[PDB]
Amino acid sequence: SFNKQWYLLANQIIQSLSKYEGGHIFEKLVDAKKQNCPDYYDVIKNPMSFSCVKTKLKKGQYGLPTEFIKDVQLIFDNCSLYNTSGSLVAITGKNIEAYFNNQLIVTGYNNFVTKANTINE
């Protein structure tokens, strides 16, 4: 069915991000002490990781395909907010964001978004 099909696609896409070069930095939430960033959660108020998205997909927490996109984009927006533009972490986020947005085209995922936008118009 409709929702099962884009859930399957979303799981495929999130897994490709996890395997992308340097994608491990987005897998788990930042540990303020262990990653030497004591101020992280003072700056980042809506934290998000690949593993959070996988949990929402596993549990059935998304109702619309755009909710998946919003959460993944939030990871990259957190990245560019906290990290300085030239840094290894900021580079990695820009790389994976670019990859992610291309995958939404290549997999047809955006077409589920287009179909769902007309439904809830």
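In case it trips you up, residue 1 is the first one in the sequence shown, and so on.
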{"query": "Given 15-23 and 105-113, the range whose Cα B-factors average higher in the PDB entry", "finding": "105-113"}
{"query": "Among modelled residues of the same chain, the CA temperature factor third for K94", "finding": "lowest"}
{"query": "For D39, the third of its chain into which the C-alpha B factor falls", "finding": "highest"}
{"query": "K59 by Cα B-factor - lowest, middle or highest third of the modelled chain", "finding": "middle"}
{"query": "Third of chain Cα B-factors occupied by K28", "finding": "lowest"}
